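Before any questions on binding or motion, here is one chain by itself as structure tokens, the form deposited in one PDB entry.
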């Protein structure tokens, strides 16, 4: 409990900004279910990585690092991304996922909403409120947690699921970067859950627009066979990531996004 211790929209609490007095760093400060809070700070403090929004301190308040580029959601809903930019974002997210999975942590809520962007093009992950710390003795989980449209079918059907569900969600995020929305978004969340259960691997509106390499990456991200689905370390070696652009190539997207949402 106590043991470990304005850009605000209502959200699930509010957000503000500030500056470091001594070093000058700019920081962002977040201001129902406290047990999840305990899990969240514990997981955040011991899992620092360049591709994760780093947790600074706590006081309920939470101080974490500053990224002024916004979230990937504004980019995917207001801009058109090309395969190079998508590959760069996917590589950053896969690096974060490899780091977490090597530490036996499953995010379970990967989506464009939980990706933050720096003005330099930095791609980072956040929102650990839905973590799953697994172990050799208990390495699977059946709780139906996450956001419906991004949830893997094995999670939806409450089967035994592992870290690769994150991979599935990453694939859904890739569809976001292609079409602007995850599959079934016009449907309500419950019908969306049923459609994920009954259809399986989602179909793209216009797959013809994609290179065979990108289709291959998606097919290895959205494979129903968990053994056949790729791990983060396996996917980091995919040829798709070879056509990745420099992160500095996301700065225009960010610039476009802020123009669109103003």
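Positions refer to the first chain, counted from 1.
Keep in mind the form deposited with a small molecule bound is missing from the figure; the text below concerns it.
Looking at residue 52, you'd find a heavy atom of it within 4.5 angstroms of the small molecule in the entry with it bound. Contact between residue 201 and the small molecule in the entry with it bound is not found at the 4.5 Å heavy atom cutoff. Contact check for residue 47: a non-hydrogen atom falls within 4.5 Å of the small molecule in the entry with it bound. Within this chain, residue 85 is remote from the site of the small molecule in the entry with it bound, having no heavy atom within 4.5 Å. Heavy atoms of no residue among 91, 98 and 122 are located within 4.5 Å of the small molecule in the entry with it bound. Heavy atoms within 4.5 Å of the small molecule in the entry with it bound belong, among the stretches 148-156, 168-176, 102-110, 77-85, to residues of 102-110.
Listed residues 218, 196, 235, 43 were compared with the small molecule in the entry with it bound; 43 is the one with a heavy atom within 4.5 Å.
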